[PDB]
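1. sequence plus experimental coordinates follow:
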Amino acid sequence: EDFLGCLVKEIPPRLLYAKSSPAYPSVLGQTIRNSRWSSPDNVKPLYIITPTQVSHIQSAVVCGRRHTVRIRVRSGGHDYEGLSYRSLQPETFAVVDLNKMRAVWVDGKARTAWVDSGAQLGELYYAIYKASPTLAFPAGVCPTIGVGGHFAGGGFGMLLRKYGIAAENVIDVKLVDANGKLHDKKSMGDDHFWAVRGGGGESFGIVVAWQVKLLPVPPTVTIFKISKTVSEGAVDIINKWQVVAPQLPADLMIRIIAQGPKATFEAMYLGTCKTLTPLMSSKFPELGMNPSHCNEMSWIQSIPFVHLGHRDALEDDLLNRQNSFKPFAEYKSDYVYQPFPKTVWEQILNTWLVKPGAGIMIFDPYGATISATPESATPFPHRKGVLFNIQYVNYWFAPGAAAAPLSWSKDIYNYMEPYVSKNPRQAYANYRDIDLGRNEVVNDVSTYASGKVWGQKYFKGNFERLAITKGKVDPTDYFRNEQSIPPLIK
Ligand SMILES: *Cc1cc2c(nc3c(=O)[nH]c(=O)nc-3n2C[C@H](O)[C@H](O)[C@H](O)COP(=O)(O)OP(=O)(O)OC[C@H]2O[C@@H](n3cnc4c(N)ncnc43)[C@H](O)[C@@H]2O)c(*)c1C
Ligand code: NA
Ligand code: NA
């Protein structure tokens, strides 16, 4: 009651929602991307606040501290476990939902932009395009991802071999800390500014907006999507790909999608068919690429084409807040440093992907720019030596049909253990997986030991520095969730 009274004093009441408010269910649901987490059995926030100004965010945080009510911040809602809007066990929290803070101001000549955290990637990309057809920003593939959680967790996509992760192309931030104080790079200092860019969402404060550098792309890029069934030699071809792809020139990224005994090789090339064709013949002739496979288009057009296969609907695909796609979904990830034996590829394609509840596997090759950054230079540690990332994705569409896919996800993770990274078994923070471990809270503070279990998987050798930084900027563990960085204090 007191917390709400505090809010009402400082924030316009139309931006405040209690469980009894008529619009609360729609506001809560508007960016829930996973039908597992929308149902009434999920733990719901006591209040939702939808700020439109940074002062609203500061007021909310100050009220939360004064009245000891914690806040989960939501930008795009894509968190794989829903931790921006639900808790795992009953507890009291408010959501600060940034969807109304969505401006993207592009300075084409300076090659910089300020992007509000509540913008979706498609809106960021589109605003860049409105400024220039030859500038880009290296972030994720799905247009509805929110900037805030994505950049906080790193963020990577079809430009990762060329320009690395989104967070290493951030040049400043505007951030509200656990005391309600407004910060930028300068006031924050090296440790906090290091941590916020890739050290995972929530833990390091609410980022209001991010300043990014914008990077050149050619006026024409080329996409291909070439599929090979096992009868067409998919096993031999993917066995070659895992060595070749991470060594290809930085201008060429060939990811793979597999969902049965067939692999689809999806390439983005920063160039034309005319130069791609001989490059493929020289470096990866096994795929059988020829000019009929080329799809030349602008960089901006590549975003809907890669994710959706659409050629013809730029604005509709990039400016989309309908939230129409809400699978029940489970996700896991792995990193690979040593090539799989051919027999493992045989089993993945012919056996694991033909089981009940089997998902899809996405393979993204590293090397080049992403792998050139030292492991400790940012919190994202999956760099030198990485051949590829694997994402294991399970979608289903009926409420009572979770058993088979959930079982498959666990079973394949067990099967893959000998072949992927170990000690620790690395995973990508933005492919959030609660089964990697969760925090224990003692005396109202997440324990260091519990955080380390999953934390070393996402952040490797960077976990301790993250936790020491957390201890400096949020010693009472105000901004937390079940898998946020615990404070390590003296
Ligand atoms: C749904 C979805 C996710 C994808 C997709 N493809 C991806 C890709 O091509 N590359 C990637 O690198 N990642 C991809 N992912 C995963 C997303 O990157 C993650 O799911 C992001 O974390 C999502 O960000 P957002 O949509 O903002 O999600 P939220 O649930 O709001 O937040 C996640 C996490 O971060 C905290 N947080 C939110 N907002 C902030 C701010 N402003 N400051 C600090 N922390 C913040 C939340 O509390 C939560 O913990 C493709 C698809 C379809
Ligand atoms: Na290891
Ligand atoms: Na999960």
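-> Noted; the coordinates are in hand. Numbering: from 1, shown residues only. Ligands and ions are numbered 1, 2, ... in the order given.

2. enumerate every residue touching residue 173.
-> Residues counted as contacts of residue 173 (Cβ atoms under 8 Å, 6 or more residues apart in numbering) are 183, 184, 185, 188, 193, 196, 197, 207, 208, 209, 210, 211. All C-beta atoms are positioned from the backbone trio N, CA, C, and that covers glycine.

3. excluding chain neighbours, what is closest to the fifth one?
-> For residue 193, ignoring the flanking residues on the chain, the nearest one in space by Cβ to Cβ, 6 or more residues apart in numbering is residue 185 at 5.0 Å.

4. residue 43 contacts residue 90, correct?
-> Yes. Using Cβ atoms under 8 Å, residue 43 is in contact with residue 90, at 5.7 Å.

5. between these two, which one's more packed in?
-> Neighbour count, other Cβ atoms under 10 Å: between residue 43 and residue 90, residue 43 has more, with 15 against 7.

6. which of the helices or strands spans the residue in the chain that ligand 1 sits nearest to?
-> Closest contact between the chain and ligand 1, by Cβ to the nearest ligand atom, is at residue 201 (2.0 Å). Residue 201 is part of no helix or strand when elements are defined by DSSP states H and E.

7. touching, it and residue 149? I think so.
-> Yes. Assessed by Cβ under 8 Å, residue 201 is found in contact with residue 149 at 4.5 Å.

8. ok, the residue nearest to residue 193 to residue 175 distance?
-> Noted for residue 185: a distance of 9 Å to residue 175, by Cβ to Cβ, to the nearest Å.

9. domain-wise, how is this structure divided?
-> The chain is divided into the following domains under curated CATH domains: 1-101, 102-219+298-324+424-490, 220-297+325-423.

10. so what would you say the end-to-end distance of the shortest one is?
-> Terminal residues of domain 1-101 lie 27 Å apart, using Cα to Cα, to the nearest Å.

11. what's the answer for the second one, then?
-> For domain 102-219+298-324+424-490, the first and last residues are 39 Å from each other (Cα to Cα).

12. pull the distance from that domain to the chain's centre.
-> 7 Å (Cα atoms, centre = their mean, to the nearest Å).

13. same question for the first one.
-> Relative to its chain's centre, domain 1-101 lies at 21 Å (Cα atoms, centre = their mean).

14. is it anywhere near ligand 1?
-> Yes. Domain 1-101 comes into contact with ligand 1 (Cβ under 6 Å from any ligand atom), by way of 33, 72-80, 83-84, 98.

15. next, the contact list for residue 440, please.
-> Counting by Cβ under 8 Å, 6+ apart, residue 440 has contacts 446, 447, 449, 450.

16. among the residues you listed, who's most crowded?
-> Going by other Cβ under 10 Å, residue 446 tops those with 24 neighbours.

17. that one bridge partners, please.
-> As for beta bridges, residue 446 partners with residue 441 under DSSP bridges.

18. is it in contact with residue 478, as I believe?
-> No. Residue 446 lies out of contact with residue 478 (Cβ under 8 Å); the separation is 10.9 Å.

19. next up, phi/psi of residue 180, please.
-> Phi and psi for residue 180, reported as degrees, to the nearest 10, are phi 80, psi 10.

20. give me the neighbour count for it.
-> Neighbours of residue 180 under the rule other Cβ under 10 Å: 18.

21. what does residue 231 give?
-> A count of nearby residues for residue 231, using other Cβ under 10 Å, gives 8.

22. just give the nearest non-adjacent residue to the residue positioned nearest the centre of the chain, would you?
-> The chain has residue 430 as the residue nearest its centroid, 3.9 Å off, counting by Cα atoms, centre = their mean. Distances taken as Cβ to Cβ, 6+ apart place residue 153 nearest to residue 430, at 3.6 Å, with adjacent residues excluded.

23. tell me which parts of the stretch 301-450 of the chain are close to ligand 1?
-> Close to ligand 1, as judged by Cβ under 6 Å from any ligand atom, the stretch 301-450 of the chain has residues residue 430.

24. where along the stretch 301-450 of the chain do the strands fall?
-> Remark: strands assigned in the stretch 301-450 of the chain by DSSP state E, counting those that start in this stretch are 328-336, 360-365, 388-396, 441-442, 445-446.

25. what residues does the fourth one touch?
-> If I follow you right, that is strand 441-442. Contact with strand 441-442 is made by 447, 477, as judged by Cβ under 8 Å, 6+ apart.

26. likewise for the second one?
-> Residues from elsewhere that reach strand 360-365 (Cβ under 8 Å, 6+ apart): 156, 160-161, 241-242, 245-246, 248, 253-259, 348, 353, 387-395.

27. in ChimeraX, select just the buried ones from these.
-> Of the contacts of strand 360-365, the buried ones go into a single ChimeraX selection, burial set by 16 or more other Cβ atoms under 10 Å:
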select :156,160,161,241,242,245,246,248,253,254,255,256,257,258,348,353,387,388,389,390,391,392,393,394
